[PDB]
Asker: 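Let me begin by handing over the structure; questions about it come next.
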Amino acid sequence: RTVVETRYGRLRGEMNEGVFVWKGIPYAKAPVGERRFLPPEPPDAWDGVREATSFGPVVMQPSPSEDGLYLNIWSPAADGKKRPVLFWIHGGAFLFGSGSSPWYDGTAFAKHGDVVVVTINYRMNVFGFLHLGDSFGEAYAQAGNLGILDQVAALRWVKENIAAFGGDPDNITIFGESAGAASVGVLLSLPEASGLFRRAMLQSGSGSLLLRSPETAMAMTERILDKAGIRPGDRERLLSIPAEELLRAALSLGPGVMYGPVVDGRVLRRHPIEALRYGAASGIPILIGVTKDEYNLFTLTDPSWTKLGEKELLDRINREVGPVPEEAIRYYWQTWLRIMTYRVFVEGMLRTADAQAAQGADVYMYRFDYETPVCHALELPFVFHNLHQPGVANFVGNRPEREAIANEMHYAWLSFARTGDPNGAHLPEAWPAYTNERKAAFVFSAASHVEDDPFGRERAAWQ
């Protein structure tokens, strides 16, 4: 029951908590040596039965190997029963993370929902998002979005092979948090991903998050190449520099470098949210939401926000997400960081929801208000029902409460993946679809409930 055949050969998984798991499946040829900075290519086939009982390495990151394009599968049974497939794209600011994190363990989903779960690795930071333009020749023109091409490659693997693991290739839901949700927002927009998935869920991110212009990305690349000792156009040193030195050079720039997808004219031909308005994802339902006041949580990793006086503060916010109309200021560190929450998280969520609703697609919107300890999205352990995992801020107190919110969110996400509607008796009241008409949202808290257009006042202050 543990051995499954795929287009590339047989894989041996294991039984775990009454479900089956396959770990470290290669979904692409390792992007090492002469394949460094090139789009992912199909994996080599093998003879015999390949072990899939250990995770593969994670991709290069501060935390690893350039050989890290692996995915993992949890399933109640490798049979032909066409279960919904949940395809998870982790977050980590396009800098760190992995699908093998215990936080994303798919056991609970698979057990409680009778679904297949897939988690993936994709290239990050300087290996996945180094925008080179034409500076190293046409072969590297896609380099600024390789981590997105990796995700598409994994999704193609799943569409081609998941039936063998008990999944329905025509019922895939892609979902992600933070940079993972930005990834889902990009994929929703992408012609070459259309038809690979049926539904999408975006947790505390959207296609706008961490998105770069070519001008912005090239300037960052120039600084990284300087630190790496690589002259523009020297392909020899681009491919021979040790992966750890290249990673060090980038990280040596701190915050004057952020990674993410680039509207480069080659993989991303236009803004991923604006594309939705032209019907890029017309038949695709989405479930989307945000963590209440999420930018206040960023002071933990960046306390400098708290040091600044009101004036310095506002000039900073203006430089990062401005201009800020006077009317917004009037509506409005705790008070002024609300501007960062709205511009980075809330606006892109509302623009995404408004675009899909205008296309007639179903949209379900939420706000997560539950206070729980710490891009600082907080839904994750409740959505995965992974309150018990390592790395999860599992602290004493609140246990029945935490279980109850997990039982609301976990089963809503499962219902959405199964049917395209999160509703059912696991919710204390119905969750109406978001329409231009009412702009309903579900609020997850100690007492979950529906609010009509909760973001409206703020949004009107701006728009």
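Nothing fancy with the numbering, it's 1 onward along the sequence. Worth knowing before you read on, the calculation uses all heavy atoms, side chains too, and leaves out hydrogens, waters and symmetry mates.
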Asker: Would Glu458 and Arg338 pass as an ion pair if we require N to O under 4.0 Å?
Answerer: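 Salt bridge between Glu458 and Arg338, a charged N being under 4.0 Å from a carboxylate O: no.
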Asker: Students often mix this up, so state it plainly: with edges at 30° and 60°, are the rings of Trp431 and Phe444 parallel, tilted or perpendicular?
Answerer: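 Perpendicular.
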Asker: Does the plane of the ring in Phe368 sit parallel, tilted or perpendicular to the ring in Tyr370? Use 30° and 60° as the thresholds.
Answerer: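 Rings of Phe368 and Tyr370: perpendicular, as their planes differ by over 60°.
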Asker: Does atom NZ of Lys159 have more than 12 heavy-atom neighbours from other groups under 6.0 Å away?
Answerer: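 More than 12 heavy atoms, drawn from other residues, nucleotides or ligands, come within 6.0 Å of this atom.
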Asker: Verify side chain to side chain donor-acceptor pair (under 3.5 Å) between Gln389 and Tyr104, making sure each step is shown before the conclusion.
Answerer: CA-CA 9 Å; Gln389 315 278 0; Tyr104 316 131; over 6 Å; no
Asker: With a 4.0 Å cut-off on N to O distance, would you call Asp302 and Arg316 a salt bridge?
Answerer: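 Between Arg316 and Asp302 there is a salt bridge, with a charged N closer than 4.0 Å to a carboxylate O.
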Asker: For the residue pair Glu408 and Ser445, what are the closest heavy atoms and their distance?
Answerer: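 For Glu408 versus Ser445, the nearest heavy atoms are OE1-O, 4.5 Å.
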Asker: For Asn296, check side-chain hydrogen bond (donor to acceptor under 3.5 Å, both in side chains) against everything at least two apart and list the hits.
Answerer: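 Here no residue qualifies.
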Asker: I'd like to know if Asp354 and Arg277 make a salt bridge, using a cut-off of under 4.0 Å between side-chain N and carboxylate O.
Answerer: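 Looking at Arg277 together with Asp354, the answer is no, because their closest N to O distance does not fall below 4.0 Å.
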Asker: How are the rings of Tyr295 and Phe345 set relative to one another: parallel (under 30°), tilted (30 to 60°) or perpendicular (over 60°)?
Answerer: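 Plane angle between 30° and 60°, so tilted.
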Asker: Whether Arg459 and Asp453 form a salt bridge (side-chain N of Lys/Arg under 4.0 Å from carboxylate O of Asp/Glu) is what I want to check.
Answerer: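 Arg459 and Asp453: salt-bridged.
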Asker: Please report, to 0.1 Å, the donor-acceptor pairs under 3.5 Å made by any side chain of residues 173-197, with sequence neighbours excluded.
Answerer:
from, atom 1, to, atom 2, distance (Å)
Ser183, OG, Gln151, NE2, 3.0
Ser183, OG, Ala179, O, 2.9
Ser189, OG, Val186, O, 2.7

Asker: Please list, chain by chain and in numerical order, all residues satisfying ring-ring contact (aromatic ring centres under 6.0 Å, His included) with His90, sequence neighbours excluded.
Answerer: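 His90: ring-ring contact (aromatic ring centres under 6.0 Å, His included) contacts with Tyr122.
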Asker: Going by the side chain to side chain donor-acceptor pair (under 3.5 Å) test, which pairs reach into residues 22-31, not counting sequence neighbours?
Answerer: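 Side chain to side chain donor-acceptor pair (under 3.5 Å) check on residues 22-31 returns no pairs.
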Asker: Check whether more than 12 heavy atoms from other residues, nucleotides or ligands sit under 6.0 Å from atom CH2 of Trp462, and answer yes or no.
Answerer: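 Yes.
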Asker: Between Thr419 and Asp421, is any side-chain donor less than 3.5 angstrom from a side-chain acceptor?
Answerer: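 No - no donor-acceptor pair under 3.5 Å links their side chains.
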Asker: Checking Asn121 now: which residues fulfil side-chain contact (heavy atoms from CB on, under 4.5 Å) with it, not counting sequence neighbours?
Answerer: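 With neighbours one apart ignored, the set is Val59, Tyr70, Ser98.
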Asker: Taking only residues two or more places apart in sequence, or in another chain, which ones meet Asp44 in a side-chain hydrogen bond (donor to acceptor under 3.5 Å, both in side chains)?
Answerer: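 With sequence neighbours excluded, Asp44 shows a side-chain hydrogen bond (donor to acceptor under 3.5 Å, both in side chains) to no residue whatsoever.
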